[PDB]
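Student: The structure is given below, and queries will be raised subsequently.
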Amino acid sequence: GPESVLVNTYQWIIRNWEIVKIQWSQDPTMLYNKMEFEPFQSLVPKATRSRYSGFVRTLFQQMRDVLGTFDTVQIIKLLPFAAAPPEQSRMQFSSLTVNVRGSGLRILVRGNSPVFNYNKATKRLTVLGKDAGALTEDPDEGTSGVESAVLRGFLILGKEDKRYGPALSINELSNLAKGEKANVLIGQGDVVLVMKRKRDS
């Protein structure tokens, strides 16, 4: 069933992470088009599939372009959304819908959610209340706290910094100049400092 499709997709990515990481790094196009992501894509609503994919593919390229910000879990989380033919847009998506429990459940782009829950204490991924397997320590993992694959055209720099003013919503960022910093209401009471990048991916 649909719940098992999600679990099995993420399980598959983890089991095959050595080759998936390599392709993600050097031939993402042939990774994104793998048939193994088609069942997951069937669960992504037809109307938003392509925009989700353009968004995610752009976020992944930010990660490649902004050196030393590799985030293993973020790649695994978002990867299956990259499989649809991409469509461009200006929008920020804070969450991505999958059709599972008879209905839309949303995976949060930043951090854990009920659908996608990575446990840093146990090093295991849980997807819809099911184990999707263990992650191994990767020396390439970014340790600086800069998040390059959450917002399209922005880096999350770290904690709220009151100097840069009161928080903007995700939908209020489009007037920021290249290189300008602001506080942003990223989710769940969390305010983070962000920077609009000068060059887009």
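In the structure tokens, the first chain shown is A, the next is B, and so on; residue numbers restart at 1 for each chain, and ligands run from 1 in the order shown.
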Do you know which residues are at most 8 Å from residue 114 in chain A counting only C-alpha atoms, after dropping those on the same chain fewer than 3 positions away, and could you put them as a ChimeraX atom specification?
Tutor: /A:107,117,127-129
Student: Considering only C-alpha atoms, state which residue in the set A:106, A:67, A:134, A:25 is at the smallest distance from residue 119 in chain A.
Tutor: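 Going through A:106, A:67, A:134, A:25 one by one, the smallest distance to residue 119 in chain A is for A:134.
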Student: Give me, please, the distance in Å between CA of residue 104 in chain A and CA of residue 2 in chain A, quoted to one decimal.
Tutor: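 Taking CA of residue 104 in chain A as the start and CA of residue 2 in chain A as the end point, the length is 11.6 Å.
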Student: As number ranges by chain, please: all residues of range 93-159 of chain A that backbone DSSP puts in strand (DSSP E or B).
Tutor: A: 95-99, 104-108, 116-119, 124-127, 130-134, 147, 154-159
Student: Of the residues A:1, A:153, A:80, A:139, which is the one nearest to residue 65 in chain A, using only C-alpha atoms?
Tutor: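 Ranking A:1, A:153, A:80, A:139 by distance to residue 65 in chain A, first place goes to A:153.
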Student: What lies within 7 Å of residue 164 in chain A using only C-alpha atoms, ignoring chain neighbours under 3 positions off, as a PDB file with C-alpha atoms, in the first residue's frame?
Tutor:
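Output contents, as saved in around-v2.pdb:
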ATOM      1  CA  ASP A 161      19.873  37.719  15.246  1.00  0.00           C
ATOM      2  CA  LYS A 181      20.242  39.277   5.741  1.00  0.00           C
ATOM      3  CA  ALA A 182      16.918  38.916   7.575  1.00  0.00           C
ATOM      4  CA  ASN A 183      15.204  36.964  10.315  1.00  0.00           C
TER       5      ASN A 183
END
Student: I want to know what sits within 12 Å of residue 176 in chain A, based on only C-alpha atoms, with residues of the same chain fewer than 6 positions away left out; could you give that as an NGL selection string?
Tutor: :A and (153-154 or 168 or 170 or 182-184 or 194-198)
Student: Please, what distance in Å, to one decimal, runs between CA of residue 180 in chain A and CA of residue 193 in chain A?
Tutor: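 CA of residue 193 in chain A lies at a distance of 10.5 Å from CA of residue 180 in chain A.
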Student: What are the DSSP alpha helix (DSSP H) residues of range 23-154 of chain A, as a PyMOL selection string?
Tutor: chain A and resi 23-26+28-32+38-42+49-65+72-78
Student: Output N, CA, C and O atoms of each residue in that selection to a file, as a short mmCIF file (atom, residue, chain, number, x, y, z; two decimals), in the first residue's frame.
Tutor:
data_model
loop_
_atom_site.label_atom_id
_atom_site.label_comp_id
_atom_site.auth_asym_id
_atom_site.auth_seq_id
_atom_site.Cartn_x
_atom_site.Cartn_y
_atom_site.Cartn_z
N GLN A 23 26.05 9.51 -7.61
CA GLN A 23 25.26 10.03 -8.73
C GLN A 23 24.69 11.39 -8.40
O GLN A 23 24.71 12.31 -9.23
N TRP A 24 24.21 11.54 -7.17
CA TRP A 24 23.66 12.84 -6.74
C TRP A 24 24.71 13.93 -6.93
O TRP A 24 24.38 15.05 -7.34
N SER A 25 25.96 13.57 -6.64
CA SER A 25 27.08 14.48 -6.75
C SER A 25 27.52 14.71 -8.17
O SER A 25 27.85 15.83 -8.50
N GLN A 26 27.51 13.68 -9.01
CA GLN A 26 28.13 13.82 -10.34
C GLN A 26 27.21 13.57 -11.57
O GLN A 26 27.55 14.01 -12.68
N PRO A 28 23.30 13.94 -11.41
CA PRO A 28 22.01 13.88 -10.74
C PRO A 28 20.86 13.53 -11.70
O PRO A 28 19.93 12.85 -11.31
N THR A 29 20.95 14.00 -12.94
CA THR A 29 19.91 13.78 -13.94
C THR A 29 19.55 12.30 -14.09
O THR A 29 18.37 11.96 -14.15
N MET A 30 20.55 11.42 -14.14
CA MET A 30 20.26 9.99 -14.29
C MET A 30 19.77 9.38 -12.98
O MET A 30 19.06 8.37 -13.01
N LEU A 31 20.11 9.98 -11.85
CA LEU A 31 19.53 9.56 -10.57
C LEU A 31 18.05 9.93 -10.49
O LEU A 31 17.21 9.10 -10.13
N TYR A 32 17.73 11.17 -10.80
CA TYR A 32 16.36 11.64 -10.65
C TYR A 32 15.39 10.84 -11.55
O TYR A 32 14.25 10.63 -11.17
N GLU A 38 9.30 5.96 -9.26
CA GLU A 38 7.97 6.15 -9.88
C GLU A 38 6.78 5.88 -8.95
O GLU A 38 5.81 6.64 -8.95
N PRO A 39 6.85 4.81 -8.13
CA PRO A 39 5.78 4.63 -7.15
C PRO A 39 5.63 5.81 -6.14
O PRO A 39 4.52 6.16 -5.76
N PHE A 40 6.74 6.39 -5.71
CA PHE A 40 6.68 7.56 -4.82
C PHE A 40 6.01 8.71 -5.57
O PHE A 40 5.16 9.40 -5.04
N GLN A 41 6.42 8.92 -6.82
CA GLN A 41 5.84 10.00 -7.62
C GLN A 41 4.34 9.83 -7.80
O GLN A 41 3.60 10.80 -7.83
N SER A 42 3.86 8.60 -7.89
CA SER A 42 2.42 8.40 -8.04
C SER A 42 1.66 8.97 -6.83
O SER A 42 0.53 9.41 -6.96
N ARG A 49 3.42 18.06 -8.56
CA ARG A 49 4.62 17.23 -8.78
C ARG A 49 5.79 18.01 -9.37
O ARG A 49 6.93 17.92 -8.88
N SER A 50 5.50 18.73 -10.46
CA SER A 50 6.55 19.37 -11.24
C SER A 50 7.15 20.56 -10.54
O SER A 50 8.36 20.76 -10.60
N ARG A 51 6.32 21.33 -9.85
CA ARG A 51 6.84 22.47 -9.10
C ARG A 51 7.66 22.00 -7.90
O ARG A 51 8.69 22.59 -7.61
N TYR A 52 7.21 20.94 -7.23
CA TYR A 52 8.00 20.36 -6.15
C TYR A 52 9.35 19.94 -6.67
O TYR A 52 10.36 20.19 -6.01
N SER A 53 9.38 19.28 -7.84
CA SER A 53 10.63 18.84 -8.43
C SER A 53 11.58 20.00 -8.82
O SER A 53 12.78 19.97 -8.55
N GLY A 54 11.06 21.04 -9.45
CA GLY A 54 11.91 22.22 -9.76
C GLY A 54 12.52 22.85 -8.52
O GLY A 54 13.69 23.29 -8.53
N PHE A 55 11.73 22.89 -7.45
CA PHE A 55 12.15 23.46 -6.17
C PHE A 55 13.29 22.64 -5.56
O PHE A 55 14.38 23.17 -5.27
N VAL A 56 13.03 21.35 -5.41
CA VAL A 56 13.99 20.43 -4.84
C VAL A 56 15.28 20.33 -5.66
O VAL A 56 16.38 20.27 -5.06
N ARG A 57 15.18 20.27 -6.99
CA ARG A 57 16.36 20.23 -7.82
C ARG A 57 17.20 21.49 -7.65
O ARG A 57 18.43 21.44 -7.67
N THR A 58 16.54 22.63 -7.53
CA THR A 58 17.24 23.88 -7.26
C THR A 58 17.91 23.87 -5.89
O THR A 58 19.09 24.30 -5.75
N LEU A 59 17.20 23.38 -4.86
CA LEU A 59 17.80 23.26 -3.53
C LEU A 59 19.02 22.34 -3.53
O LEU A 59 20.04 22.65 -2.91
N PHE A 60 18.94 21.21 -4.22
CA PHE A 60 20.11 20.33 -4.34
C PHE A 60 21.31 21.01 -5.03
O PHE A 60 22.47 20.82 -4.64
N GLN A 61 21.04 21.81 -6.04
CA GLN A 61 22.13 22.50 -6.73
C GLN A 61 22.75 23.60 -5.84
O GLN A 61 23.98 23.84 -5.86
N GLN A 62 21.93 24.21 -5.00
CA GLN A 62 22.47 25.12 -4.00
C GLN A 62 23.49 24.38 -3.11
O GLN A 62 24.58 24.89 -2.80
N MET A 63 23.14 23.15 -2.74
CA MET A 63 23.99 22.38 -1.84
C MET A 63 25.33 22.06 -2.51
O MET A 63 26.38 22.15 -1.88
N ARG A 64 25.27 21.69 -3.78
CA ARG A 64 26.47 21.41 -4.57
C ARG A 64 27.32 22.69 -4.73
O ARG A 64 28.54 22.65 -4.68
N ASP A 65 26.64 23.82 -4.91
CA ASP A 65 27.30 25.10 -5.18
C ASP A 65 27.86 25.80 -3.95
O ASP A 65 28.80 26.58 -4.08
N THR A 72 23.09 14.97 4.66
CA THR A 72 22.76 13.63 4.18
C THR A 72 21.23 13.39 4.27
O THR A 72 20.59 12.97 3.32
N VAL A 73 20.67 13.69 5.42
CA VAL A 73 19.25 13.46 5.67
C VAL A 73 18.38 14.31 4.79
O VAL A 73 17.36 13.88 4.30
N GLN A 74 18.79 15.55 4.57
CA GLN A 74 18.03 16.46 3.70
C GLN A 74 17.99 15.93 2.26
O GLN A 74 16.94 15.98 1.59
N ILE A 75 19.12 15.39 1.78
CA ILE A 75 19.13 14.80 0.46
C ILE A 75 18.18 13.60 0.39
O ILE A 75 17.33 13.52 -0.51
N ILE A 76 18.30 12.67 1.33
CA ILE A 76 17.47 11.46 1.34
C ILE A 76 15.99 11.88 1.41
O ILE A 76 15.18 11.41 0.62
N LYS A 77 15.66 12.79 2.32
CA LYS A 77 14.29 13.25 2.51
C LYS A 77 13.66 13.74 1.22
O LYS A 77 12.56 13.33 0.86
N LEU A 78 14.37 14.65 0.55
CA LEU A 78 13.81 15.35 -0.59
C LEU A 78 13.97 14.62 -1.91
O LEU A 78 13.24 14.91 -2.85
#
Student: Measuring atom to atom with only C-alpha atoms, identify which of A:178, A:34, A:46, A:110 is nearest to residue 95 in chain A.
Tutor: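 Going through A:178, A:34, A:46, A:110 one by one, the smallest distance to residue 95 in chain A is for A:110.
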Student: Which of these, A:144, A:171, A:4, A:9, has the shortest distance to residue 70 in chain A once you count only C-alpha atoms?
Tutor: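 That would be A:144, the residue with the smallest distance to residue 70 in chain A.
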Student: If you measure from CA of residue 99 in chain A to CA of residue 84 in chain A, what distance in Å do you get, rounded to one decimal?
Tutor: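 So the two atoms, CA of residue 99 in chain A and CA of residue 84 in chain A, lie 15.4 Å apart.
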